[PDB]
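*Asks:* pasting an experimental structure with its sequence.
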Amino acid sequence: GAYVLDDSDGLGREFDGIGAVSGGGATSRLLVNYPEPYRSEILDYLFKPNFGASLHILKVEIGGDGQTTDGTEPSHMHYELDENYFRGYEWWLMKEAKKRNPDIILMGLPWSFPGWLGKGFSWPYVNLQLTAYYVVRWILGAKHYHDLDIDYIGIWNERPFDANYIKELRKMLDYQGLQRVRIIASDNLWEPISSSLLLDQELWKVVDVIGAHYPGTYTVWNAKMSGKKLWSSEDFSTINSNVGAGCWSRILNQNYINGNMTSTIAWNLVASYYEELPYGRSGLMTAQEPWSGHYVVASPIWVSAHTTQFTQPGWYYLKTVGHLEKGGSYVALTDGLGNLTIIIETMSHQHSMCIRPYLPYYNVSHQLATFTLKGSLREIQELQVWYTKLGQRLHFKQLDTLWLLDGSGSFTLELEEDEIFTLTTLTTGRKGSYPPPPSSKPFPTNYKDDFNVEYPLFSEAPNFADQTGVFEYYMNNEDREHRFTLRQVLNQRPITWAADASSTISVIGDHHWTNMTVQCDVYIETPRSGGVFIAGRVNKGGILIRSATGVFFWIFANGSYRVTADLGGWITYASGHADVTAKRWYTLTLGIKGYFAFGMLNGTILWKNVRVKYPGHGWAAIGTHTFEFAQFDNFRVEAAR
Ligand SMILES: *[C@@H]1O[C@H](CO)[C@@H](O[C@@H]2O[C@H](CO)[C@@H](O[C@@H]3O[C@H](CO)[C@@H](O)[C@H](O)[C@@H]3O)[C@H](O)[C@H]2NC(C)=O)[C@H](O)[C@H]1NC(C)=O
Ligand SMILES: *[C@@H]1O[C@H](CO)[C@@H](O[C@@H]2O[C@H](CO)[C@@H](O)[C@H](O)[C@H]2NC(C)=O)[C@H](O)[C@H]1NC(C)=O
Ligand SMILES: *[C@@H]1O[C@H](CO)[C@@H](O)[C@H](O)[C@H]1NC(C)=O
Ligand SMILES: *[C@@H]1O[C@H](CO)[C@@H](O)[C@H](O)[C@H]1NC(C)=O
Ligand SMILES: OC[C@H]1O[C@@H](O)[C@H](O)[C@@H](O)[C@H]1O
Ligand SMILES: [Ca+2]
């Protein structure tokens, strides 16, 4: 009915920021090859202050060469004795974010690790000092090569922690003069981390934040007892339609209200991965067409604004926050300098369903809300007003100032369903705008890449999304016909997070493609036992990469060939002998039209009119039989969608 907002009785918990994740996995893959100015606009919509999402926090995967949801991300140590601080795009992303917001808070977390850390096991805790050394090299590198200070380091995404590891990781950070860097654990459930902290003072000393995943707005008693900052360190993961923006809006408030969480971080920052990959379009905005420049500033960018443009890490929540009588919720915060921000949400059950968890139905309906400013707040007479309505929508529209000059220090609102209001003393608010970008367009139906780039800006060719193994630009001075190629660089299975395939593979193009011709030069580096393939109609990737079907055309250095229906090689379409050895350049062609396929070795037919499942559709792809060195060159694809 009436709700009091006051601070004379003290303050709530310190606010830590709203953020998002790049990674887990390859979520930003297709953002790096956006033409300008679009790439830069997209970044502005995410990171520029007083503009778009205006994020406070950027969390990135520390790549371990394993598949980690929508692809793999390259590690800084592929092998023992390898150190390279320039692979992939997270370094870049971090720099672009610091460019726009110098005060952005940066976080790193591993999902997978290179297999060599396991010392013969797929386990990152066999040698604690080795795994810590690995993780600490990354933090050092960020600083030494990119001038990036990493503020928070995690443990092992949604996997078990080892308390001795966390202790070692702290000792190791300190030893390298990284006392400044804080530790967040365990990026999984509230337990066993929370009880672990109450039972072990030494573990308690070295963990600074409890970050939990998909908590459904709630915490647990042990976490409250710990006195640690509590964060939803990964949340959201829902299609950025109105439903998703509704989900985001509700949990932004109710994570603090119900769960005492002082930060929430969305997976993922931006949908820059093929939509047909797992959890497609579940970023705060969409940017999945570098070939066209098309991007969508989706509802969740403006939901974010309603909190980020009007708060900063270091502000405090008030004690007075809660639910509304008739549905929805409200939080309020101050900076302790006379500024006050009020964020109100009325998301209806039906337009705010998150993927994890699903909420039993709850009611929201029209209501009036009366707010009264007691304590050091009574002295406020003017408040700027921002308003969003989800579902025909209006986004982040500024409304006329509200005045409380009567001396009541009180006002009232006509709240309805699926609305958000931000009431703030701050006047910096802005609904940033660039002109609309180009219209969406399918992936090009003729496409070529000869990999001829001597100093590439990124470590991998555009549009190729690795789903097992890691493919890289490769310069080979000692050959002149193939001096610039794409090379698969893993020589052993990673300490996996997902169920990586047994074969490496990178997918590309348009998932709708159904008739297509794929050509590529391939070179097998391993004698006797090596193998490579090219494919089309590849229908699954990411988390599901093991399930992928399609038409796979393999050659091996034992003088043989197989055509399979599946990446796992279980199902045979044709197989035979071929004049193929290791360490020789061969040109593969694969043609698939309706019910039939054919392969050519070096322009000459190897197999014709082999029957294949149809209809079927999916990407094109290149890859290798195991985790083995191989090269590709002069890639082309001609497709019909
Ligand atoms: C990919 O290739 C398949 C196979 O070529 C395409 O399906 C085929 O579509 C054609 C024409 O669109 C069908 O042609 C036939 O033409 C005669 C004469 O006018 C007509 O009387 C028949 O009823 C039929 O329309 C053909 O039957 C059909 N083949 C199969 C196996 O379904 C497909 O359109 C191609 N996909 C894309 C989008 O490029
Ligand atoms: C409200 O917010 C601002 C920013 O936090 C407070 O600080 C001043 O704000 C102006 C405008 O941004 C700056 O140009 C000054 O340099 C800031 N002064 C200081 C000492 O930081 C401001 O004091 C707060 N008070 C209100 C309600 O306006
Ligand atoms: C957390 O929130 C509850 C209500 O949701 C509140 O009563 C309690 O004081 C808070 N716990 C803290 C800040 O430790
Ligand atoms: C929700 O509550 C309102 C107000 O009490 C009521 O009019 C409406 O019938 C309720 N809807 C459901 C499905 O419970
Ligand atoms: O909902 C999808 C997300 O789920 C999390 O468990 C994971 O950390 C993310 O990488 C992503 O897969
Ligand atoms: Ca070349």
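*Replies:* It's in. Numbers count the residues shown, from 1 in each chain. Ligands and ions are numbered 1, 2, ... in the order given.
*Asks:* what is the neighbour count of residue 251?
*Replies:* 27 (other CB atoms under 10 Å). Where you see a C-beta, it was placed from the backbone N, CA and C, and this is true even at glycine.
*Asks:* can I assume it sits in a helix?
*Replies:* Yes: checked against DSSP: H, G, I helix; E, B strand; the rest coil, residue 251 lies within a helix.
*Asks:* buried residues, stretch 5-23. List them.
*Replies:* Within stretch 5-23, the residues that count as buried by 16 or more other CB atoms under 10 Å are 5-7, 12, 15-23.
*Asks:* need the residues of the stretch 351-500 of the chain near ligand 2, please.
*Replies:* Residues of the stretch 351-500 of the chain that fall close to ligand 2, judged by CB under 6 Å from any ligand atom: residue 425.
*Asks:* in the stretch 351-500 of the chain, which residue sits closest to ligand 1?
*Replies:* Relative to ligand 1, the nearest point of the stretch 351-500 of the chain is residue 445 (9.8 Å; CB to the nearest ligand atom).
*Asks:* and that residue, what does it touch?
*Replies:* 510, 638, 639, 640, 641 (CB atoms under 8 Å, 6 or more residues apart in numbering).
*Asks:* just the buried ones from those?
*Replies:* 510, 638, 639.
*Asks:* closest to ligand 1 among these?
*Replies:* Once CB to the nearest ligand atom is applied, the member of the buried ones among the contacts of residue 445 that ends up nearest ligand 1 is residue 639, at 8.5 Å.
*Asks:* can you map out the strands along the stretch 351-500 of the chain?
*Replies:* Taking DSSP state E, counting those that start in this stretch to define them, one finds strands in the stretch 351-500 of the chain at 367-373, 382-389, 394-403, 410-415, 419-424, 446-449, 465-468, 471-475, 484-488.
*Asks:* separation between the residue nearest to residue 338 when sequence neighbours are not counted and ligand 5?
*Replies:* In space, and not counting its chain neighbours, residue 338 is closest to residue 425: 7.0 Å by CB to CB, 6 or more residues apart in numbering. Here the criterion is CB to the nearest ligand atom, to the nearest Å. By it, residue 425 lies 37 Å from ligand 5.
*Asks:* residue 425 against residue 335, yeah?
*Replies:* No: counting by CB atoms under 8 Å, residue 425 does not reach residue 335; the two are 9.1 Å apart.
*Asks:* OK, now which residue of the chain is nearest to ligand 6?
*Replies:* At 4.1 Å from ligand 6, residue 484 is the closest residue in the chain, using CB to the ion.
*Asks:* that residue: neighbour count?
*Replies:* Other residues close to residue 484 by other CB under 10 Å number 17.
*Asks:* list the contacts for it?
*Replies:* Contact analysis of residue 484 by CB under 8 Å, 6+ apart lists 450, 451, 452, 453, 454, 473, 474, 475, 476, 633.
*Asks:* the second one against residue 482, yeah?
*Replies:* So the one you mean is residue 451. No: taking CB under 8 Å as the definition, residue 451 is not a contact partner of residue 482, at 9.3 Å.
*Asks:* tell me which of those two has more neighbours.
*Replies:* residue 451 (23 against 17).
*Asks:* next, the contact list for the more buried one, please.
*Replies:* Residue 451 touches 461, 473, 474, 484, 485, 486, 632, 633, 634, 635, counting by CB under 8 Å, 6+ apart.
*Asks:* which one of those residues has the most neighbours?
*Replies:* Result: residue 632 is most packed of those (other CB under 10 Å), 27 neighbours.
*Asks:* a helix runs through residue 609, doesn't it?
*Replies:* No: counting by three-state DSSP, one finds residue 609 to be strand, located in no helix.
*Asks:* which strand residues bridge the residue nearest to it when sequence neighbours are not counted?
*Replies:* Using CB to CB, 6+ apart and skipping the chain neighbours, the partner closest in space to residue 609 is residue 596 (5.0 Å). Here residue 596 sits in beta bridges with residue 593, residue 611, going by DSSP bridges.
*Asks:* please report the distance of the residue of the stretch 201-350 of the chain found nearest ligand 3 from residue 331.
*Replies:* For the stretch 201-350 of the chain, the residue closest to ligand 3 is residue 260, as judged by CB to the nearest ligand atom, at 3.7 Å. Going from residue 260 to residue 331 by CB to CB, to the nearest Å gives 12 Å.
*Asks:* who's more crowded, the two?
*Replies:* More neighbours surround residue 331 than the other of residue 260 and residue 331, with 25 against 16 (other CB under 10 Å).
*Asks:* return the residues in contact with the more buried one.
*Replies:* 253, 256, 257, 317, 318, 321, 342, 343.
*Asks:* nearest to ligand 3: which residue in the stretch 401-550 of the chain?
*Replies:* For the stretch 401-550 of the chain, CB to the nearest ligand atom, closest residue to ligand 3: residue 420, 21.0 Å.
*Asks:* wait, that residue touches residue 252, no?
*Replies:* No: in this structure, residue 420 is not within contact of residue 252 by CB under 8 Å, at 9.2 Å.
*Asks:* residues shared between the contacts of those two?
*Replies:* By CB under 8 Å, 6+ apart, the residues touching both residue 420 and residue 252 are 303, 306, 343, 345.
*Asks:* quick check: which of the strands of the stretch 351-500 of the chain is buried the most?
*Replies:* strand 465-468 (a mean of 29; mean count of other CB atoms under 10 Å).
*Asks:* in its sheet, which strands sit next to that strand, and in what direction?
*Replies:* strand 504-508 (antiparallel).
*Asks:* in whichever strand or helix holds residue 535, which residues are buried?
*Replies:* Using DSSP states H and E, residue 535 falls within strand 531-538. Residues of strand 531-538 classed as buried by neighbour count (16+ other CB under 10 Å): 531, 532, 533, 534, 535, 536, 537, 538.
*Asks:* distance of the fifth one from residue 213?
*Replies:* Counting by CB to CB, the gap between residue 535 and residue 213 amounts to 34 Å.
*Asks:* residues contacting residue 141?
*Replies:* Residue 141 neighbours (CB under 8 Å, 6+ apart): 76, 83, 85.
*Asks:* can you flag the buried ones in the residues you listed?
*Replies:* residue 76.
*Asks:* including distance to ligand 2 and secondary structure, could the contacts of residue 141 go into a markdown table?
*Replies:* As requested, these are arranged in a markdown table below (distance: CB to the nearest ligand atom, whole Å; DSSP: H, G, I helix; E, B strand; the rest coil):
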| residue | distance to ligand 2 | secondary structure |
| --- | --- | --- |
| 76 | 38 | coil |
| 83 | 41 | coil |
| 85 | 36 | coil |
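*Asks:* now the contacts of residue 141 in a markdown table, please, with extra columns for distance to residue 370.
*Replies:* Listed next are the contacts of residue 141 as a markdown table, based on distance: CB to CB, whole Å:
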| residue | distance to residue 370 |
| --- | --- |
| 76 | 56 |
| 83 | 61 |
| 85 | 56 |
